[PDB]
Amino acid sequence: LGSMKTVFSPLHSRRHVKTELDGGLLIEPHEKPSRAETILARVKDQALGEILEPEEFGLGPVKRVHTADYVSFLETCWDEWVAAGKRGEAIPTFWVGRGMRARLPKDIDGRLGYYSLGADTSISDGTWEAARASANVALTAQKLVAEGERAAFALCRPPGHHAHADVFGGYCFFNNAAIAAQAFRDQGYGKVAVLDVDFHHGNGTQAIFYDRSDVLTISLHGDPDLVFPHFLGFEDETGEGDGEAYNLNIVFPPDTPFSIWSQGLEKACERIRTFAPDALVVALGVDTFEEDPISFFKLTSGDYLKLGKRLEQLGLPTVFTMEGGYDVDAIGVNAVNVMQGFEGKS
């Protein structure tokens, strides 16, 4: 087929937390280093293309998307947590409930809650460094496409699409897709589209660009009435101000198969075609998989070949940022199938 380059960090376990709050218990996290190891091993076994390590871009490009206070918090959170004498990993306990003030406090517990949307995303040693590397993985891929590649695969871990300008959660810290999209904008690309095919709503990407018409954000996902993130992702969220009609949410119910999901994909592709962007960022999750342990769609591994083919037909410079997908048995087959279908396999 064709060839696609993949950017990856060799330190798969830089982020290495051991707890995630789930169903009232502290379990082993779903977003585990073996996710990245397994995808990388399938990239190599399939000879998808060249594999390279990220360039360091520093925090400059990260701060085009995230606030300075938030970027500082994530760097110091673990140290401050340990210094306050807590014995577990860093998990929020308290937050800005409805009727309370969106006011940044001093105490580390208060700041953890202020900056989070969920308690599923433990922070420990290495988390800051891992988030930085994953952002650099996305920016290296963006650089590859800007300098001539049709597409590149940013093997991001941790993922990013739930991260707001200053809110972390859903296993995400820095919004890698939004950082790559904004990097395209900063490099003179007039219009960028961000298409979120992870099972969950990309609420962070929607929020970051919500009042802007230069970045079109679209997400297909399970009904937030039923699943995370619960409080964004509904189809009536179409943008605000100049961003009115430049956000599109497409929602599906439990057990949705490719035959139906692909109708939503076609709707998203039509919206992209009318927008006529200059580059495309695909926030790629394969938690739409029929065996994914926390999601309820029914795509088969062969469906990811079809997804990649349909994405290529859009005809755009394309960066893929890796998001979710938690059946590690099949994560490599599924994610690399998208790249292979984009490159002509099917």
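One-based numbering along the sequence shown.
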query: Of 105-113 and 208-216, the stretch whose C-alpha atoms average the higher B-factor in the entry; finding: 208-216
query: Stretch with the greater mean C-alpha B-factor as recorded in the entry, comparing 238-246 against 257-265; finding: 238-246
query: Candidate set 271, 221, 164, 230 [ranked by C-alpha B-factor, highest]; finding: 271
query: Among 290, 56, 37, 303 - the residue whose C-alpha B-factor is largest in the record; finding: 56
query: Record-listed C-alpha B factor of residue 132: chain third; finding: lowest
query: Within-chain third of residue 41 by Cα B-factor, per the entry; finding: highest
query: Third of chain Cα B-factors occupied by residue 143; finding: middle
query: Residue 91 - Cα temperature factor, lowest/middle/highest third of chain; finding: lowest
query: Within-chain third of residue 185 by Cα B-factor, per the entry; finding: middle
